[PDB]
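Atoms within each ligand, like the ligands themselves, are counted from 1 in listed order. Positions are given from 1, in the same order as the sequence printed here.
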Amino acid sequence: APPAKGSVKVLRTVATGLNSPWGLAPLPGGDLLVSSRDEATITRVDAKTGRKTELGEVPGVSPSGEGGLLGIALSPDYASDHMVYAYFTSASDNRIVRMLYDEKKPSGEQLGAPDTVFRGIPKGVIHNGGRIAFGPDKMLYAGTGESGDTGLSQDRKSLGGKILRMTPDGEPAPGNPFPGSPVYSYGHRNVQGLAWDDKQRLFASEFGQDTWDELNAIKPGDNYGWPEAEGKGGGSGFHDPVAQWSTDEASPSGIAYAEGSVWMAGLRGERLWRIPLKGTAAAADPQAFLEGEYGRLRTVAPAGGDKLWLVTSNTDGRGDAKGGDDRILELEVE
Ligand SMILES: O=C(O)c1cc(C(=O)O)c2c(n1)C(=O)C(=O)c1cc(C(=O)O)[nH]c1-2
Ligand SMILES: O[C@@H]1[C@@H](O)[C@@H](O)CO[C@H]1O
Ligand SMILES: O[C@@H]1[C@@H](O)[C@@H](O)CO[C@H]1O
Ligand SMILES: [Ca+2]
Ligand SMILES: [Ca+2]
């Protein structure tokens with residue numbers, strides 16, 4: 001369905017001056033919530049003006065290296081329950097909490113005390129994963145990393161190097177591949193992107209080491225090969241990527257599905273990748289857009305129809321931040 005050749009138009013800059021923006025949760029009314037990894041804040045961005053409101057600081061966050069306040073996601077029933085979920089690196093682990101958001105409260109006081117729904121994910125200075133999202137099945141999904149310990153990914157008993165699927169209350173999701181376990185898929189290095197297509201099939205981005213970054217089509221119980229395999233050609237028993245990229249051209253974090261393609265934000269690549277899909281295969285060659293125009297790109301989210309939100313990441317410790325960084329852009333895509 002999507003054309004082989006795509007396009008990306010930057011309609012406008014929506015907001016500026018964000019610090020280490022990471023998680024992005026589009027609100028029903030058109031506004032955005034954005035987390036800061038290193039400041040541990042969640043901030044509301046007014047879509048029209050770019051005006052920023054600090055909701056508050058998430059308690060218990062311990063930023064260091066790639067860890068800190070990471071993915072955020074609205075409850076599937078957010079419109080009525082006003083619950084915001086957050087994945088973050090604590091003193092001891094990575095974990096997921098939920099907080100009651102009340103926009104009628106003073107700035108800084110808008111987040112209720114966190115309810116911890118899931119704990120115990122391995123942490124390190126690197127490879128903490130951190131992207132969370134609710135699937136069309138109303139279950140909570142989380143990408144993790146192996147924390148720099150390559151031995152965790154293949155170990156079904158370790159929460160490191162996995163995609164997890166749980167109830168919103170933090171219990172293993174009914175119908176998961178392994179009895180009593182929140183593990184959905186394994187053999188992952190570091191996963192910071194999740195998105196579903198129109199047929200409710202999950203895709204995930206992944207950072208490779210020095211050779212191949214990945215876009216994977218995720219099936220429950222499948223083994224994506226890390227650390228014995230990296231990129232395509234993993235061998236029998238391993239599930240290969242839909243597409244792979246050199247680490248200098250990608251190093252991908254967030255992904256979004258829109259207009260029949262996966263859109264993938266590249267950090268080191270400083271570019272937005274388009275992967276048009278036919279079923280769970282690439283329909284045509286992936287194409288990159290915006291290379292070096294806005295620096296590092298971390299997060300991309302659907303804004304409805306042919307529109308995307310895109311978040312830069314030049315303030316995350318590995319960029320050269322320019323005046324006004326980091327920013328959110330509005331894109332119109334094909
Ligand atoms: O191979 C690379 O050049 C490269 C670059 C980056 C980056 O641009 O920050 C990451 C990685 N690799 C990587 O493997 C990884 O897990 C990772 C996590 C992050 C992040 O900032 O959260 N960046 C990177
Ligand atoms: O190193 C390059 C950088 O200069 C920019 O072009 C983005 O892509 C990276 O591979
Ligand atoms: O039928 C598939 C549809 O599900 C979508 O993936 C686009 O490609 C078509 O061939
Ligand atoms: Ca890498
Ligand atoms: Ca793999």
Side-chain angles (χ1 to χ4, degrees), residues 1-6 8 65-67 124-131 136 143-150 153 161 187-193 195-219 224-227 229-231 241-298 306 310 312-314 316-322 325 334:
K5 310 298 179 73
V8 172
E66 296 168 10
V125 291
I126 65 170
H127 301 174
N128 294 291
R131 195 71 62 183
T144 79
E146 34 70 311
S147 73
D149 178 356
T150 62
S153 303
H188 300 290
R189 183 172 173 282
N190 195 27
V191 177
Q192 293 185 6
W196 287 263
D197 68 13
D198 293 311
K199 294 190 165 181
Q200 302 182 12
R201 296 171 296 210
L202 176 62
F203 293 82
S205 64
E206 197 164 316
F207 297 92
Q209 186 166 288
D210 304 313
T211 312
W212 298 117
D213 301 314
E214 302 179 350
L215 175 69
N216 290 302
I218 305 299
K219 287 179 167 53
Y224 290 80
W226 183 253
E230 176 181 356
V242 174
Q244 62 180 13
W245 294 270
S246 65
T247 57
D248 66 315
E249 296 186 333
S251 296
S253 184
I255 63 175
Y257 177 83
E259 306 296 276
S261 298
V262 166
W263 299 87
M264 182 178 79
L267 290 165
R268 186 180 163 183
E270 302 185 27
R271 72 197 80 176
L272 178 68
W273 283 98
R274 179 189 187 265
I275 307 90
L277 295 165
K278 196 192 182 80
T280 56
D285 277 348
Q287 289 175 106
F289 301 85
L290 314 180
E291 179 188 343
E293 290 177 46
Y294 301 95
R296 298 164 61 72
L297 303 177
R298 182 173 295 272
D306 65 356
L310 179 64
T312 68
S313 193
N314 300 307
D316 67 9
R318 295 178 183 165
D320 181 357
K322 303 283 178 295
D325 281 346
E334 291 196 17

Item checked: salt_bridge(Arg268, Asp248) N-O dist < 4.0 Å -> no

Notebook entry, point to check: Are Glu66 and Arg318 close enough for a salt bridge, meaning some N to O gap below 4.0 Å?
Noted result: yes

Check: Does atom 2 (C) of ligand 2 have a protein non-hydrogen atom under 4.0 Å from it?
Finding: no

Looking only at side chains, do [X] and [Y] share a donor and an acceptor under 3.5 Å apart?
| X | Y | result |
| --- | --- | --- |
| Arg298 | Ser313 | yes |
| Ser147 | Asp149 | no |
| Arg131 | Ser253 | yes |

Note to self: For the aromatic rings, using the six-membered ring if either is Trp, is the centroid distance between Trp273 and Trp263 under 6.0 Å?
What the structure shows: no

Margin query: Distance under 4.0 Å to a non-hydrogen atom of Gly269: what atoms of ligand 2 satisfy this?
Written below: 7 (C), 8 (O)

Note to self: Taking 4.0 angstrom as the limit and counting only heavy atoms of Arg268, give me the atoms of ligand 2 inside it, by number and element.
What the structure shows: 7 (C), 8 (O), 9 (C)

Margin query: Below 4.0 Å from ligand 2: does a non-hydrogen atom of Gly292 turn up there or not?
Written below: no

Check: Any N/O/S of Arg268 under 3.0 Å from the Ca ion (ligand 4)?
Finding: no

Check: Counting backbone and side-chain atoms alike, does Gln209 have an N/O/S atom under 3.0 Å from the Ca ion (ligand 4)?
Finding: yes

Note to self: Tell me whether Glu249 has any N or O atom under 3.5 angstrom from an N or O of ligand 2.
What the structure shows: no

Next item on the list: In sequence, state the C-alpha distance, the side-chain angles, and the governing distance for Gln209 and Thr247, and then conclude on side chain to side chain contact (heavy atoms under 4.5 Å, CB included).
Entry: CA-CA 7 Å; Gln209 186 166 288; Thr247 57; over 6 Å; no

Report the nearest protein non-hydrogen atom to [atom]: residue, atom name, distance rounded to 0.1 Å.
| atom | result |
| --- | --- |
| atom 5 (C) of ligand 3 | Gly279 N, 4.0 Å |
| atom 4 (O) of ligand 2 | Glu270 OE2, 4.9 Å |
| atom 10 (O) of ligand 2 | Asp248 O, 2.7 Å |
| atom 9 (C) of ligand 3 | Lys278 CG, 4.0 Å |
| atom 6 (O) of ligand 2 | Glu291 OE2, 3.2 Å |
| atom 7 (C) of ligand 3 | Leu277 O, 3.7 Å |
| atom 8 (O) of ligand 2 | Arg271 NH2, 2.9 Å |

Notebook entry, point to check: Under 3.5 Å, is there a donor-acceptor pair between the side chain of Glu230 and the main chain of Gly208?
Noted result: no

Margin query: Let's go through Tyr294 and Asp325 carefully: what are the C-alpha distance in whole Å and the side-chain angles of both, what is the deciding distance for side chain to side chain donor-acceptor pair (under 3.5 Å) to 0.1 Å, and is it a yes or a no?
Written below: CA-CA 9 Å; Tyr294 301 95; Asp325 281 346; over 6 Å; no

Checklist line | Which of the ligand 3 atoms, numbered from 1, are nearer than 4.0 Å to a heavy atom of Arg201 | finding: 4 (O), 6 (O)

Next item on the list: Please tell me if the side chains of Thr312 and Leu297 come closer than 4.5 Å, counting only heavy atoms from C-beta onward.
Entry: yes

